[PDB]
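What follows are C-alpha cells for two forms of the same protein chain, given separately as structure 1 and structure 2.
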Structure 1
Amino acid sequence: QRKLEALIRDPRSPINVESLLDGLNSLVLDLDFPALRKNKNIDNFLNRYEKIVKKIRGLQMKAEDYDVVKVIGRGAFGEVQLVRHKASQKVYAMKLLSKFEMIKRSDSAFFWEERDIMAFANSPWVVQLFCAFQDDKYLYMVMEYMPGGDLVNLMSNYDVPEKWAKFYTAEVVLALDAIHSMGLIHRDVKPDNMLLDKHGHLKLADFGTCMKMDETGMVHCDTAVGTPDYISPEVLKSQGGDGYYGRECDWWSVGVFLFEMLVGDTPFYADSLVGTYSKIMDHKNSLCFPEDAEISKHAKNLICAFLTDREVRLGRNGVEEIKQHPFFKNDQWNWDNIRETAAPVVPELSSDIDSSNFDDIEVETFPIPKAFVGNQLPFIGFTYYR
C-alpha cells in the first residue's frame, strides 16, 4: 500500500493516474448504449459514475482547445495539423489517429513505442511530445512544430553539395545512435521522417516502426517494414521467416539516404515496388553510380561501405567506425558540437505559422453496438501531460 503512492505518480507506469482515468472513462463510454443498459449490473454502475465521469471529461484537453491553421502532413490513420492552442497562443504540430480506422484495420497498438519515445526521449534529436489526449473518436498527439520542413523537400529545392551532405548525414547518425542507445532500432530511416527545426537542425519525427532490442541488441522479426527504397536486405529477407538482426539495418538506410542526396535518385529505384525489392536482393549487381554524377572518392566510399551485406557493412564493429570515416573530416564541426554550429539551410520564416516548407494537402462512426465490444479498450493509457 506503500509503493502505490509511487506507481500512481510515476509517468512511466501503466497504472498511473491518467491511465486509471482513461480506464474509467473508456468503460463508461463502452457501456453507455441502449441495448447494453438493459443489463442492470451495467445500468447501475453507469448511474453511480456517469455523472462524475462527464464532469471530469469537462476538464480534459479537447480538440476545440485548438485552432486548425492547416494540414501539413498526412498519415495512414489521420493527418498532422499545424495548430495554435487558443488560450496560450502557442503553435504545435498535432497528429490525429482515427480510432475507427485503427480498429477496422485491426492495427490499434502500433503507437505505444512512438508515444514513449517522443514523450521520454528527452533528446535534441527527437521531436518532443508535449501532451497526448483522446476523445471517443480520435487519439491526439501535440508535438513541437518543425518549420524547417522535411528533407525530401530540402532535396528537391537545392542541389546538395557534399559540405551539406556531411552535415545532414552526421546529424542522422547521431540521431539514430541516440535511438539505439535507448534500446531501439528504427527500421524506417528515410528523408520523410527527418525534419528540420527553426534553426535548420535535424530531428527524427516518426517512430511507428521502432522495436526494442535484445540483450544482444537484436530483434527477431518476420515482417519487412519501411519504405521500399530504404528496406535493407536483411529486413527484406526476414519476410521469408526467422529474421534476426540488429541496428545495422538503420546504417544501410543511411547509405541509401546519402546516395539519394548526392546522386539525386535512390540507388534501387525501379518503376514497380517489386522491381525495387529485386534490386535490393541483388544489390551486389544492381548498385551502380551514374557516369555524369560527380562524387568524391570518400563520399562514394562511404556509400559503398554502407550498401553491402551486413557481415561486412560499415558499423558492424560499432558506430565509432562510422564517425571516423574520412568523409566526415571537416573544419566546421566535430561529433560533440555539430548541433550548435551553423546549419547549412537556415529557415527564413515570416511568422509562427509559416508552413511554406510543407507542400499543400487536399468521418465514419462506429455502428452502435448490440452487446459489449470494447472499442475504447485499446487506447486506455494513451493520455499524457508533461
Structure 2
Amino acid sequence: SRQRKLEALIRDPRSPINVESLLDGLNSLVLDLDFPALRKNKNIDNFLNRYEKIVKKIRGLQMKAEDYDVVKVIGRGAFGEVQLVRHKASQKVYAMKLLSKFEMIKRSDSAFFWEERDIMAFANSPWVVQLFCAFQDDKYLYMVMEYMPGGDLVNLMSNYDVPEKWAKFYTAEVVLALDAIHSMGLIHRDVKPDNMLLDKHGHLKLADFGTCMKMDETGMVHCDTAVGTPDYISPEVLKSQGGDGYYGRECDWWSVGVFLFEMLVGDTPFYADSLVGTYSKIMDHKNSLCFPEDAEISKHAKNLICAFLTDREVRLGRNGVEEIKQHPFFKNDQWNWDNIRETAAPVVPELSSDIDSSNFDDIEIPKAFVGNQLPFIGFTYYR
C-alpha cells in the first residue's frame, strides 16, 4: 500500500525523514522560535504554547548528555572535545565527541559533520571508528563512538623508533582504510597521524571525516578551498585554493607518502617555520624533498615515498590501489593484504581497566526568524 511505503521511510535510519529527523525538526523549530521577540507574531505564539508541555517530556525521554559520566577529557582543541565516558545505564565505556554548534556552521563552511556521521554510522568497516549514537542539544552535537584505547599515530611515532617492519604495517593498514573510504565513493582529504587511532589490540582505524567528499562519476571532485593540515596537503589541494580545483583520490596517497616519511625519518618532509615556507616547499617538492643522511631507510622505502610525493599526473595510485599494494616495500612475512588486521599488531596496548587512558595526554537572541538549528536537523541518530 501507499501507507506501508510511508512507514518504510519513517523507520529507515538512512532516510532523511526517519523519526529522528522529524523530532529534530519539531525540536529545532521550537528553539528557533521561542523568543519574546517573535512570539509577538500571532501564529508563532499560539503554536509554541501548544507544544510547550509535550516537548519538555520528550526532551527528557531522549538521549541526553546526562545519560553519561565523564571519565576525563582525552582530546580537546580547535574542534570541540573528546571525552572518555561511561554510559550510566549500560555501565559501558565510550568515547564521546562534543561539537560546538556555534562554530560548526558559522565559522566552518567546510567541516561536514553530515559526511562524518554517515561514515561512522554506516561504514560498518573494521577500518572506521564506529558511531553508536548521535544527539544534539541547543549548544552541541554529541557523538558516541568506540573508545580507541591505543591513542593516535602521532602519539605512537612520538614514543618509538619505528623500524620499517613496523612502518610497513601501519602504512598498509592506512592504505586499506583509505581504499575502504574511496570505494565508498569518497575522498578523505585529511590523512594525518592525528586522524589515525589504534583500538584495544593496537590496530588502526580512521577517526575523523569532516573533510570527505563524494566523487564524480569520473572519480574526481571540483573544489575551491584547501583543506587539511599544512604539513600534509597535496599540491593540487593547495592550488585548489585559487579557484578551479579539480582532483581525484590520489591526493590521499600524497598524504600517505608524507606520513611514511614522517614515520621513517621522524620529521615531516616539508617542515618550515612559516606555513608558506611549508607550502613553498610542497609546491617545490621536486627540489624540496630529500632524506637526511643519518636517516636509516631502505631504498624501497625511499622509492615508495618518492612515488607518492609527486604530481598527480605521475603519482602512484592514479591507477588504483593495486600498484601501491604491489610495491616491493610491502613484501614481508607477517601478513598479506587480506589477513593483516588479524595478524599481530607491532605495538600492543596493555590496558589495566576499561578506563585506562594511558595512551592519551592530560588535557588543559535573534530579531528576524534566523533559523540556526536547521542545518542540525536529522543529525540525532539512534542504535
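C-alpha atoms forming the largest set that superposes within 1.5 Å between two forms make up the rigid core. For residue numbers, the reference is structure 1: its sequence is counted from 1.
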Using the rigid core as the fixed frame, list which single one of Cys249, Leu176, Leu82, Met102 shifts its Cα by at least 2 angstroms between structures 1 and 2. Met102
Superpose on the rigid core, then tell me if the C-alpha of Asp32 is displaced by 2 angstroms or more between structures 1 and 2. yes
Can you give the C-alpha shift of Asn375 between structures 1 and 2 in Å, rounded to one decimal, after superposing the rigid core? 2.5
